[PDB]
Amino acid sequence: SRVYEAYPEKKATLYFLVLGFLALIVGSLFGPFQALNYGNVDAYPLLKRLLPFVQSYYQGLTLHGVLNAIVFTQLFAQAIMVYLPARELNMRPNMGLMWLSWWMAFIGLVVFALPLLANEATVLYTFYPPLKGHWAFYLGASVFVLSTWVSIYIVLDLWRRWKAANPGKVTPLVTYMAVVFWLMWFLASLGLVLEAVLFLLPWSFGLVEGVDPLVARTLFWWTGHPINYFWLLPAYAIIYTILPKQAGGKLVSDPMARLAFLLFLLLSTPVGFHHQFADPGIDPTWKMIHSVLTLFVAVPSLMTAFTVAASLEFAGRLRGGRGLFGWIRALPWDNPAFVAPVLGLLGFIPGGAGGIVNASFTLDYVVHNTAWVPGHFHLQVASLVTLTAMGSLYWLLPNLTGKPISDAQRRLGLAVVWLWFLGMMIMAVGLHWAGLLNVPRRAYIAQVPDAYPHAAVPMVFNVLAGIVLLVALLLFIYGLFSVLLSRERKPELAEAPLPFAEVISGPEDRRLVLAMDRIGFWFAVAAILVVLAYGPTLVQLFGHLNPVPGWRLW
């Protein structure tokens, strides 16, 4: 339309969205069968008759991980943290790069998908060596991820163009967020790209006989942890700068919001070892270190809890809610785009508290590699991130397509979001409890059905969440297609503005705000923190390589 000629950013964004959600629909298909599995119920015969390219629980488990946690999240990131900043600034992203990044993302996705769908790379989204995937999996993933470097560049571009026409002004909020976001992602990503280039690719191409598993794990978890914050922070952009609007109030502080993001940039990367607590050949004094720095990266979220909660409370008081619970009822629960994130915000309480446990070094030996881990991280990514992405459908989609959302259509959304939340809560009880009963993660337990008798009770939750999350998922498919393929348009929807929130009016710290705008600087320090936190260990690892043959055991 005429709308896409002024705002081509709309189109590209739309694509990044649609693709991601597709990936999520497909990635998620596998979920319910994995929920039944963890409730000791084997529904995979059914799934194989419906999806015959599928040879094992583990191929499914790979598909699930790669598509939901890697692909969808990343496409969502890209849509949010490009378009949002650019809309606030009201300048156009380089439409050349913006398309290059879509095509990379898609091209790579499709390449990786080939060996995945053909059972040539059943290695899971950690792809630990010496289990050896097809080259196409590694090139394809590599090209998928790198696309993000093109996004990094796009936003920094916008930013500097804005800083030019506007010298002596502070960075705008959403745009300041996107900038530290992407910079962080840059340091974060070297871990994986390093492991990919120096190891995964030569090895998967046959240029070298084996890879050293410990270096690979170290390099992977370099990227491995912050990618999690890379998943989360698009949602926090929205929670912080949009949700207050649609809740009926404002953002209580712009400076706290910058602080949170800044803290992320500096503390998201030096913490990888908290995934390697049971690894050999990595000194304990380094683990205590990354434990302590992990506890630090909790802080911005602890901050975030209050900030957002006070913002919601204030919106609640604004709409007449009085009391201690009153303000809660006052909030717009008929509005799915309000509900989806606030629900994920609830799940994040137990989720983060799960995270705090895992971070505590020795305590990690209670839960590591057991069903507790997935019980934790579903509350995080597969609820708070996902629920946010979902409720965005009901504001971001009309903004991008002019396609309106019916009243009918809005009531279906509430269903989905709640059911999804409720299901992820039920699953969360079943998994955590099972991991405490010492049930392993990543396992087709349903095929050794007499192996974990001590966990009958939590297993019933797993089955229930299984069916509950199947109902929600079908609804979400049905619904997402009602809008996507809707027959009526309204160009004035596309033209209307994003419901960006006002900031509450009270004086603040020009001085901190000003401090935090020195982005070149903070970028360095985050980087130093990474030289310092990963330097010595990596240097000694490279000192004493010990590569080992690969194995395909499936």
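Each residue number is its position in the shown sequence, starting from 1.
As listed in the deposited structure, the average C-alpha B-factor of 322-330 and of 214-222 is greater for 322-330. The PDB entry reports B-factors from which the mean C-alpha value can be compared for 177-185 and 158-166; the larger average falls on 158-166. Sort the chain's modelled residues by C-alpha temperature factor and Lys132 lands in the middle third, per the entry.
Ranked by Cα temperature factor within the chain, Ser406 sits in the highest third according to the deposited record. Ranked against the other modelled residues of its chain, the C-alpha B-factor of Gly65 as given in the entry falls in the lowest third. For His290, the recorded CA temperature factor ranks within the middle third of the chain's modelled residues. Among the modelled residues of its chain, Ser392 has a C-alpha B-factor that falls in the highest third according to the deposited record.
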